[PDB]
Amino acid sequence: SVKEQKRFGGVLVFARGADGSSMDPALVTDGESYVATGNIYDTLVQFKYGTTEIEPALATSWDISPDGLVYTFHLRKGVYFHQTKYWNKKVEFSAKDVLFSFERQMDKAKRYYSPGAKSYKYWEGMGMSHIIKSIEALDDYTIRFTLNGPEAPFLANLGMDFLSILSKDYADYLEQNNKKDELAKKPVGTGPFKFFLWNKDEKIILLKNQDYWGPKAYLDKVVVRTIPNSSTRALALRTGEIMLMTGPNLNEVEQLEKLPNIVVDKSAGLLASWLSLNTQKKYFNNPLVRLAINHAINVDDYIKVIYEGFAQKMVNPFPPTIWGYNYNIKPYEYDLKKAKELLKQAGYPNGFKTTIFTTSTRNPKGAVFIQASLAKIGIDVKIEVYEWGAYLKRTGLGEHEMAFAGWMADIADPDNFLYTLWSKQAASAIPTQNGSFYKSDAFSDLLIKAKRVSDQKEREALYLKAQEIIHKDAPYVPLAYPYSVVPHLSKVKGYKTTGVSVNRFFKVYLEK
């Protein structure tokens, strides 16, 4: 097409607040890491850009048995892994690559990486080894999963970053050179961009993959920059030095959108932001103390000061853009007198001392707000600040007492918040994504039942009840569902804040 033809060509410079931590997405859990990897690797199925809808990817079609127990995937033929300076052999993707990618996480003998701090965190956290009974390559283009029970989220899970398809040929090559760590540094995938370079804490360069199996990327190159100060990042947009950015200072949004040639995209979001309370530690193991903390923080005021109104008050663990949200639950009321009384009832009439962890990139006013709120009931909060990589590591190991936490949905399903972040299964994995170490049988058992039926209304009933239990238990302080807010130059088209895996750049183009 002629309108289409004009979309091709150019360089996009994207900027964000913290670098990624790996080029193997199975080893990490954070959005910043996935900026790069989500462009490099494909999965068996994928989400249609801008949406939460599943469509084919490295599998062209699939059949699911009507008891939910067997999933047969028919793999795309003629797909080749990237050639780069460090891997110049041209190899066709096949069933053995799916087996490598999954079986390394499933079977500890096939871990591939040396013993050390590397961990398949999502796989462990989710209990994927409990879910899958077997994986078979029936032929070079056919993979069959057999499950130990029905698992409603399973198809959508196969779209998630941790189940990206790595190259078994490349792995084997690195193993024989004793350079296995490079699998996570110098990546090889099938996606619409390939890796060119990664300068830690500075930039990653992606180049168009001319041989991509799907519709070709418009852009020739993407430069993903790390600019940690969000004001500096916005000034870089204002000068044209960068072209699209995440994580704006919300008190600058209004001035940005007034400037010529800047657009600020905004949508409701699939995001939640809260305070973890480590329920296995002193004080935070007492429900009355947690309830006091809940009643002492004015979330309406928090959203005004921290988010400048670009957020909705959080009530349940996941946002109301996802089905199954419990609209009947009332948020805990801000009430200082009640909070004080609760602490007195718990045996702490003069409060106690504790610590909050925060990140160097978050607005510093957040931690200060919590400190101030809790000081009103006699809780003396010390603030400790960490860079992002270190923050993920330390909170992953349960070092915190209180810490800020946040999640962007991977899939539009409550399982991706409730089970992945709040279940006993999740709390059992070390490092953990259940940063409150919340351990409730009654809660977790409802989430297990909800995996085992696929009818959405039936699952909804179980999830509504689960949201009641976690609210009663108050193992955290819910704060906000932030809006997605993304400033960019008006010439940058095709980017979407909606849906999941939003930082894939294959649809983005420069208007000409």
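Heads up: residue numbers just count along the shown sequence, starting at 1.
With 492-500 and 5-13 compared on mean CA B-factor from the PDB entry, the stretch scoring higher is 5-13. In this entry, the higher average B-factor at the C-alpha atoms falls on 455-463, of the pair 455-463 and 65-73. Highest C-alpha temperature factor among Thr420, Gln280, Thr190, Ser129, as the PDB entry reports it: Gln280.
For the set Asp410, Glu401, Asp97, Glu333, the PDB entry puts the maximum C-alpha B factor at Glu333. Looking at the C-alpha B-factors along this chain, the one for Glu151 belongs to the lowest third. Sort the modelled residues of the chain by CA B factor and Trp323 lands in the lowest third. In the deposited entry, the Cα temperature factor of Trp87 places it in the highest third of its chain's modelled residues. Remark: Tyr141 belongs to the middle third of its chain, ranked by C-alpha B-factor as recorded. Among the modelled residues of its chain, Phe162 has a C-alpha B-factor that falls in the lowest third, as given in the PDB entry.
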